[PDB]
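Notes follow the structure.
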Amino acid sequence: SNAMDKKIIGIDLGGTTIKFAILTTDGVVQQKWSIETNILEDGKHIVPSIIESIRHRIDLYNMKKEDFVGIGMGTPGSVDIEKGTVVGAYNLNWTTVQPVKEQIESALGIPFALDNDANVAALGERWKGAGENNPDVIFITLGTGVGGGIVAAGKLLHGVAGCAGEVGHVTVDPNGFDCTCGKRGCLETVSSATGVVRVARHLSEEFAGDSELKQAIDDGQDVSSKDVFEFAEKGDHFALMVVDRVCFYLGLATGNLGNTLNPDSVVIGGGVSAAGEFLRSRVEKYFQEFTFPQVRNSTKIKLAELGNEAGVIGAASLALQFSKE
Amino acid sequence: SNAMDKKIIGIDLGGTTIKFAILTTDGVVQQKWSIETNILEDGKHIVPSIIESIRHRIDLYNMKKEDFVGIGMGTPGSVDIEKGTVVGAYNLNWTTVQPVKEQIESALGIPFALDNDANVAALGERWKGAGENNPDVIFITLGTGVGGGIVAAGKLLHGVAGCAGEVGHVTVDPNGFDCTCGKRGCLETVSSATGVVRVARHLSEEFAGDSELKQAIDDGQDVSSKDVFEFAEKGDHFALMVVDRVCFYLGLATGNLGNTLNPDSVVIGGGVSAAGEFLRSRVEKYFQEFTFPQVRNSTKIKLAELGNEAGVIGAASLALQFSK
Ligand SMILES: [Mg+2]
Ligand SMILES: [Mg+2]
Ligand SMILES: [Zn+2]
Ligand SMILES: [Zn+2]
């Protein structure tokens, strides 16, 4: 049927790779593709590369432009939704406000929406993943950095400056490690790929025994969070001390999100989450310590179900605001 | 009978008086009245008195049910919004489930909604007080307990079990005092009228130098929070220490709300907020320490501006759900 010919495009713009998908309006992925993110020359090539990659795909496959209901994009930094504008994407070399919506919509002639990259991932997990289309879902992504998205009373939250959802920068330890954001004791300092290592680098001195994990940490290895958790599951007394510390802080931060927002679920995604049930459990355990009874007995600690496709899926969902009603 | 000019009713049910207002749908006050709260007989007279007072008023003003979009009520107790019931408002003697929404609609034929005190105070300040009607406003109320409400993307938040906005039970110290709720180090534990005093009586013992605050505690006087704030305002060195502490915790909690929700404002109200700028400015200092720049330099700390009128105006706004 003619409804089944409609398509939406999602863009997942990351510091290293830009991923695209074409999906049905029900959010089933029809095609995926990617390119490198060119950050050279103050990142002026990024938006043209995205425009070019979409023009070429449409042309390559002789696609019908009017099948497309619209394009949704997730981007690093903070987004003014009304403006279609991106500020704070320093990792991209955008030091100045970027009129991304204007450029793409203009170039492509198909309606465009954009949002922050974890925000859009949050929408993806709500729509097709662990969020289960609940009106109240918090997404937290642990990878290179710590990011998040909040859907509350059915809507994605942005706040006054587009910074709602920034849970990586919740202070879990007023006396903790220096964060790049410019304060100390952010969740991100203790829970990103790099934060877990840092927590392990500093607990090492509190462990008089030896273990395969302690040896590699002490040697200067940047062991993945996955490997750290795997040593823990496998019984490594040092890995178990590090995981314990890490999930304490994730439990405090997610707990206080539960206490304030009471979402149906907090969904944990990103690379670390491959660690699976062993991580979900330890997070849930400290979440339980830190939450009041009504929140304990209602808000659930979940793992992401979509892996790295949540971005393109969530981004795509922003395009649905353009459907003919 | 002008359908282009319907009105909303707000009700603020307190333990001693019940406040009413009629507003236009834009929230301009047309009429305010109050009656006392009769709690005798397990609180069984309260909703009939409200109905009577509203019926009578409707009759005075030659109004009819069709001139009203709805009625909203703020109440203490444990509320189920969907059902429209209340339970556990012990200052009301409401120890059994009160079918408030049934009583109201079945007597008045005007649609009714209800919510908790704090939430409705939040709606008020967001709409007509310090929130300036911005879509993202967090209100927190300091007093005998710590309570709150959050408006985000223009909607009050309730969460899946109706607990959203419960700021007083955010963990500010993983190893702090025992909270009534069952866990340690809840904000309520340090920043309620009772919490402030708790902090004073727990630091005095280490402090040695001279302060009128410390001598009074050590005389055996029943020190209050307005008293602690009093003494610090006069320069009492130990009392400033206790305020610093309370504000550190308040900074952290509001700071983290700032980091997760980035509202245009965090509005601080209730009894402890009587200290005014003396309070606000210390809270803002720790809020700044605990936020990252983009939030630090957008979300504002503000004092509540409506005082005791926030409740009735925010309760009126519940009625707007029934428009058209
Ligand atoms: Mg986000
Ligand atoms: Mg509330
Ligand atoms: Zn930070
Ligand atoms: Zn508590």
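Below, chain A is the first sequence line, B the second, and so on; all start at residue 1. Every number for a ligand or one of its atoms is a count from 1 in the order of the listing. FYI, side chains are in, hydrogens and waters are out, and symmetry mates aren't considered; it's all heavy atoms of this structure.
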Looking at B:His169, pick out the N, O or S atom nearest to the Zn ion (ligand 4) and give its name.
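Going by distance to the Zn ion (ligand 4), the closest N, O or S atom in B:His169 is ND1.
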
In this structure, are over 12 heavy atoms from other groups packed under 6.0 Å from B:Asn308 atom CG?
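12 or below, so no.
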
To the nearest 10 degrees, calculate the angle at the Mg ion (ligand 1) involving ND2 of A:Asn116 and O of A:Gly148.
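Centred on the Mg ion (ligand 1), the ND2/O angle is 130° (to 10°).
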
Nearest heavy-atom neighbours spanning A:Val170 and A:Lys183
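Closest pair (atom of A:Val170, atom of A:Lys183, distance): C-NZ, 4.2 Å.
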
Would you please indicate if the ring centroids of A:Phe248 and A:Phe290 are separated by under 6.0 Å?
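Yes - the distance between ring centres of A:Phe248 and A:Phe290 falls below the 6.0 Å cut-off.
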
Any N/O/S atom, side chain or main chain, of A:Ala164 closer to the Mg ion (ligand 1) than 2.8 Å?
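For A:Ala164, the answer is no, given that no N, O or S atom comes within less than 2.8 Å of the Mg ion (ligand 1).
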
Going by the side-chain hydrogen bond (donor to acceptor under 3.5 Å, both in side chains) test, which pairs reach into residues 76-86 of chain A, not counting sequence neighbours?
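Counting only pairs at least two positions apart or across chains, no side-chain hydrogen bond (donor to acceptor under 3.5 Å, both in side chains) contact touches residues 76-86 of chain A.
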
